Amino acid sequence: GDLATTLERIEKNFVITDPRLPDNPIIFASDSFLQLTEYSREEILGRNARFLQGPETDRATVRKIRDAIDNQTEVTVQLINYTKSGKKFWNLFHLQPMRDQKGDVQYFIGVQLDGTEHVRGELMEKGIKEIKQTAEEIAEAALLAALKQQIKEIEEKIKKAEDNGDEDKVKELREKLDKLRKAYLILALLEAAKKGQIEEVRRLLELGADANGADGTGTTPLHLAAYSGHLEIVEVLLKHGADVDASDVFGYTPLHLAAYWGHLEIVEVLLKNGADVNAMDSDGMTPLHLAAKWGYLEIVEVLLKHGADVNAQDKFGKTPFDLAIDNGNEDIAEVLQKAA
């Protein structure tokens, strides 16, 4: 529906199927896939994908696919597949279920790697990372389309109630909505921020998106923007009052991520907005430990302007000076002496 709209922004080879409809038919096919298979939406959608198979198609592999589908697990296979015309091609394809149908499996995602020639080794292991991560992407898009869909429906159930003059049921839904909708803007913001979409971050924050919405891992929009080196987004997120010292699972504040990845300008913004210069991660690494270990001298110099404790230790007793020495960053060690 609206599903079928953003899915076209994803210019990669894949399909989606619904295991809840019988014989698990294709509900979406990408332009890459339709071009490659010499088919059209009309002649494949609502159809089970075994039409790809032929005599040369490895029957054991088909059963590995069957089994993964029935058991709701992922699976990565390479095998021979057939165009409309009967042209054989190598399909290196990843299958993964889309979960959270109330914490469940509602869809299967099948990402094929662009290629008709049998791939091998680390050429192949890269392509597997690619189509694995292409599928992560689609799960994200598909979830949002679903939450968008529920909000449409609840808004219509309000109207129905509003006209029945059912004020007690109008407030019982308006409270479900607000929950579901906050939840949406949180996911839309994390992804807007990942992709550095500065206008969509802006647009969202102004619909009252929670700038402190974490993913599962305590990863906030600020962590993503810091990781990716998106300055204008880091700045706007601080303007809408996002916690500059959000930790994740791992102990990482955005200042840790900016340090690891050498985003100097973003290190500066964070500090100027009151970042805990001396925040430790779960391994007692401070941002100074990280800039020193990985040889980001300018980031070391900026950290020290704003109070970095040069005597701070990690769970191995090492100071930032001790790690510059261990990584042969002689220049950085010399600065951590001139401030020791």
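The numbering used is simple: start at 1 and walk along the sequence shown.
**OP:** Using the B-factors recorded in the PDB entry, average over the C-alpha atoms of 91-99 and of 255-263, then report which stretch comes out higher.
**Re:** So the stretch with the higher mean C-alpha B-factor is 91-99.
Subject >> Between the two ranges 196-204 and 156-164, the one averaging a larger CA B factor in the entry >> reply: Stretch with the greater average CA B-factor: 156-164.
Original post:
When you compare the CA B-factors of 183, 170, 144, 231 as listed in the entry, which one comes out on top?
Top reply: Out of 183, 170, 144, 231, the record gives the largest C-alpha B-factor to 170.
Subject >> Selection by C-alpha B-factor (highest) of 273, 286, 48, 61 >> reply: Answer for 273, 286, 48, 61: 48, with the highest C-alpha B-factor.
**OP:** Using the B-factors in the PDB entry, rank residue 119's C-alpha atom against the chain and give the third, lowest, middle or highest.
**Re:** For residue 119, the deposited C-alpha B-factor lands in the highest third.
Original post:
Hey, what third does residue 129 fall into on Cα B-factor, ranked over its chain?
Top reply: Middle third by C-alpha B-factor.
Original post:
Comparing residue 325 with the other modelled residues of its chain, is its CA B-factor in the lowest, middle or highest third?
Top reply: Its C-alpha B-factor belongs to the middle third of this chain's values.
Original post:
Can you tell me which third, lowest, middle or highest, the CA B-factor of residue 212 falls into for its chain?
Top reply: Lowest third - that is where residue 212 ends up once the chain's C-alpha B-factors are sorted.
Original post:
Taking the C-alpha B-factors as the PDB entry records them, is residue 84 in the lowest, middle or highest third of its chain?
Top reply: Highest third, going by the recorded CA B-factors of the chain.
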